[PDB]
C-alpha cells in the first residue's frame, strides 16, 4: 500500500547517437512515466524495493536475431572471442574479421546489472513543452520531442505506434498546456 493515483506510462524508445551526423544511432527501449504534473523516464524497467521478484523462465531460444540489434557486449568482448595471446601479429593469418557473430544465450533469467540510465529522468510539467516531430523517412511512428525549462532539456523518443506517439505527444501537451 503506497499511493493509488498512478501516473500514465508509455513504452517508448530513446536515441543515443548524439555526435554530428546520423549514421551511428544507438537508440534503446525506455519507459515514459508520464504524470499529471511530472514526466519521468525509465529504462523500460521498475525500481527495486522491499518487494523482491523471482527470475524469469524462457524455455528454448537459439541465436538468430538479425532485425534486433543491442550493443554493449560485443564492443567490450572484442579481443576475447577470437582467442588471445597468440592472436597478435600483423604478418600472416590476419583473419580477425568475423563475418558473423552467433553468440547469444540466456535472454532472461539471472539478475545482471543493467547499466545505462541508472537514474530516471524526472521533468516538471510547469514550463516544459512537447512536440511531435517527423523523420525524413517516416516509417510509421511519428517523432516525439519534449523540451524542459530545467536546464534546457530535450528528450527525443520514437514510439512504435502512429496513433500512440501522436496521442502521447498531444497529451504531454495537454498537461504541459497549463
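By the numbers in Swiss-Prot, the shown part of chain A spans 2-79, 165-264.
Positions of Cβ are set from backbone N, Cα and C atoms, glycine also.
Looking at 177-203, 204-230, the range annotated in Swiss-Prot as region 'Disordered' turns out to be 177-203. Counting every protein chain shown, the number of other Cβ atoms lying within 10 Å of the Cβ of residue 178 (phosphoserine) is 6. Least crowded of the modified residues (183, 187, 194), judged by neighbouring Cβ atoms within 10 Å of its own Cβ: 183.
Residues 8, 10, 12, 15, 29-34, 188-191, 193-197, 200, 202-203, 206-211, 214, 232, 234, 241, 258 of the same chain lie 6+ residues outside the region 'Disordered' (40-68) yet bring a C-beta within less than 8 angstroms of a C-beta in it.
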